[PDB]
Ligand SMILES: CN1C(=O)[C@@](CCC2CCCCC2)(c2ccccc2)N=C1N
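The form deposited without this ligand is given below as one chain in structure tokens.
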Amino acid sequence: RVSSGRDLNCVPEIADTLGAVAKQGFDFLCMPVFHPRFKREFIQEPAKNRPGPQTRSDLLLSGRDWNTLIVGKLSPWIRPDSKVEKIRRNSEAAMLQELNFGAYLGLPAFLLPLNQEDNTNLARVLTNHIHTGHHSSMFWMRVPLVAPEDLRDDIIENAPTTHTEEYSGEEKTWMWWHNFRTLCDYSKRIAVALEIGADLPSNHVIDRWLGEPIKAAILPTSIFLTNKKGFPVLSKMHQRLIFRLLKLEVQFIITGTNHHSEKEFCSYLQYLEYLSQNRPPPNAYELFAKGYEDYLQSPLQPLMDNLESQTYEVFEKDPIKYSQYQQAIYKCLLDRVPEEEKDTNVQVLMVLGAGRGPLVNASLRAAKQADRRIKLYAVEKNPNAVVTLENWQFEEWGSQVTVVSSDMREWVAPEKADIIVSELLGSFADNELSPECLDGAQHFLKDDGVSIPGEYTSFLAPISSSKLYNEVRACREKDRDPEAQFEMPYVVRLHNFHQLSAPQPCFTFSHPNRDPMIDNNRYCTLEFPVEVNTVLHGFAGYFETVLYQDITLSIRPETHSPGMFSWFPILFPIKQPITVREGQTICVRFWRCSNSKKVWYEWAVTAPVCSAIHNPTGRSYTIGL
């Protein structure tokens, strides 16, 4: 349903308060682990020798309760970045004490505020805590969408609120967070608790938190309007944000006292559950993708590796894909043989890389649909797939289908083909080596022969995602370059991210290739206009293909072939993230390289700043020929 929690800065009896919030319908509680007003002294006598206890006993809850229901809170007097040395020193010791108590307790999370620009010493003290033993605890940085200074009432006569637009200034709180998490070296243990206020900022300001690790959204009671029946509700704009945040699967946190005294505290909660149940449903793509969101996978190499049985099963349960292949064959057969020849002219149809036979059956259903004659050849290099093919050829297909157990590049065909059909494409089109395979095969295609698909194009788009950068950064393996994980593409259902500019075509291949000197190597320069202030982390890749005429397949979001949940986008990371200012152009260079044995990509950002060339000589990543 909805994972939601209660924020309290007042808990007189821990046992009673917890039962009340559970009764209201809260999954957890955010509370102080030491009294918020209880300032402790660590240096100066006599306050230093203040007798204990210094807080309430851990025995007041079961270990289970501390582990699952309690989010701890830093004490509001703890200011490690105070301008007063004495305060800085006590706040350091107090921060350690409270953070170590949270760790003692086994708390699943702990809240620390970013309520000012300078949080350097707070970042230092947290970093030192994070490196004091390996633990699973999470840190939630309480950041507002709008700094309190920028939402104050215009009631000071000699200090009025600035009515002049300050594009970058309106995004100051994102900069507070960015610096804090940069200083802490992108710890996976540090995330955002995003505090939403009465009046939302500009859309660009809300767009900065795209790609950020938002773990919780804080909604104060103060921001809920009152409906005619007296219930708490939200502005349509506030509802949009909640809908956007439900997609991120955040935990919603209710803070502040009850201002709808006619109703209870489950009222604020019931609105969220109501909004949760009333969202546009998860479509066939959204429902299939569930579980794979920002989960990094290795791109398939079906040429180098023999695919497992369950990999074929995944890429077969896609009827739209084979309806389009069927349609492209149907349309081709009619263009090649007229109604007068519908029983004398029999077409040489070669399925090149037949898998377990769905493309074969699609070529069958397209011969009877078009009511034309075809002689089928089913070529397949994977001997385990050939088992499924040869059982199909015996039990059903018969003499019409001729199973060939060979690689298309090494096979000597008895007769030339009219139509060669294949699905040798990956998420970046040519990344499964479709150019090379089809070049090695076109000799056994007739001079007027058709290749299905006849054309394909890859696209790239610059993306921002500090979540995916961290996800990649975590892929370090022993016995290899400590940075080889950034020099390889990942198939990923890109979820928590921001597309910084429209996808632009990268590399195109045409089949057959009529070039006298066929060269599958490439160099492309792209210029991506960026109209936001952002951080570039990598490039999403998609493809488009023409099977035949207007019959196409696409994973480019703009032209996405609807229903094709099979292909996820590819991600090309960059080792070091790059700041991009609004109005700047991101310029990327991409190469498709090869030798006799392997094919690979290399890429570099040249504007606004230079990166290193990624994957030089295929050192970190190659596609096996």
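Between two forms, the rigid core is defined as the largest C-alpha subset superposing within 1.5 Å. Residues that one form lacks are left out of the comparison. Numbers follow the displayed sequence, beginning with 1.
Keep in mind that the form solved in complex with this ligand is not shown, yet the notes after this line are about it.
Novice: Where this ligand sits in the deposited complex, superposed onto the shown form by the site's C-alphas, are 3 or more of its atoms within 2.4 Å of backbone or C-beta (blocked), or none (open)?
Specialist: Answer blocked: 3 or more ligand atoms come within 2.4 Å of backbone or C-beta.
Novice: Is it the case that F497, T534 and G538 all touch this ligand in the deposited complex, with a non-hydrogen atom of each within 4.5 angstroms?
Specialist: Answer is no for this spot.
Novice: So which of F26, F590, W66, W600 reaches within 4.5 angstroms of this ligand in the deposited complex, heavy atom to heavy atom?
Specialist: Of the listed residues, the single hit is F590.
Novice: Since exactly one of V146, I223, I555, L445 fits, which has a heavy atom within 4.5 Å of this ligand in the deposited complex?
Specialist: Here the answer is residue option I555.
Novice: Can you tell me which of 174-182, 424-432, 160-168, 365-373 lies within 4.5 Å of this ligand in the deposited complex, counting heavy atoms only?
Specialist: Looking at the partner contacts, the answer comes out as 424-432.
Novice: If we define contact as a non-hydrogen atom of the residue within 4.5 angstroms of the partner, is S465 a contact of this ligand in the deposited complex?
Specialist: Close contact is absent here: in the deposited complex, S465 is far from this ligand, nothing within 4.5 Å, heavy atoms only.
Novice: Quick check on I570: any heavy atom within 4.5 Å of this ligand in the deposited complex?
Specialist: Although this ligand is absent here, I570 would touch it in the deposited complex, with heavy atoms inside 4.5 Å.
Novice: Using a 4.5 angstroms cut-off on non-hydrogen atoms, would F110 count as touching this ligand in the deposited complex?
Specialist: Heavy-atom contact with this ligand at 4.5 Å: absent for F110.
Novice: Evaluate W209 for contact with this ligand in the deposited complex, applying a 4.5 angstroms cut-off between non-hydrogen atoms, and reply yes or no.
Specialist: So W209 does not count as contacting this ligand.
Novice: Quick one: name the residues from 328-344 with any non-hydrogen atom within 4.5 angstroms of this ligand in the deposited complex.
Specialist: Heavy-atom contacts within 4.5 Å come from no residue here.
Novice: Core-aligned, between this form and the one not shown, one residue among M304, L183, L275, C475 moves its CA by 2 Å or more. Tell me which.
Specialist: The displaced C-alpha is that of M304.
Novice: Is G426 one of the residues whose Cα moves 2 Å or more between this form and the one not shown, with the core superposed?
Specialist: After core superposition, the C-alpha of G426 moves 2 Å or more between this form and the one not shown.
Novice: Once the core is aligned, please say if the CA of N496 is shifted by at least 2 angstroms between this form and the one not shown.
Specialist: Yes, because once the rigid core is superposed, the C-alpha of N496 moves 2 Å or more between this form and the one not shown.
Novice: Over in the other structure, so in the deposited complex, do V421 and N431 pull closer or drift farther apart at the C-alpha level? The difference is 3 angstroms or more.
Specialist: It is closer: the C-alpha separation of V421 and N431 falls by at least 3 Å in the deposited complex.
Novice: Report the direction of the Cα distance change between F428 and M350 in the deposited complex, compared with the displayed form, as closer or farther; the change is 3 Å or more.
Specialist: Relative to the displayed form, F428 and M350 draw closer in the deposited complex - a change of at least 3 Å between their C-alphas.
Novice: Could you list, in sequence order, the stretches of three or more consecutive residues moving 2 angstroms or more at Cα between this form and the one not shown on a rigid core superposition?
Specialist: Only these runs move by 2 Å or more: 298-307, 424-432, 494-497.
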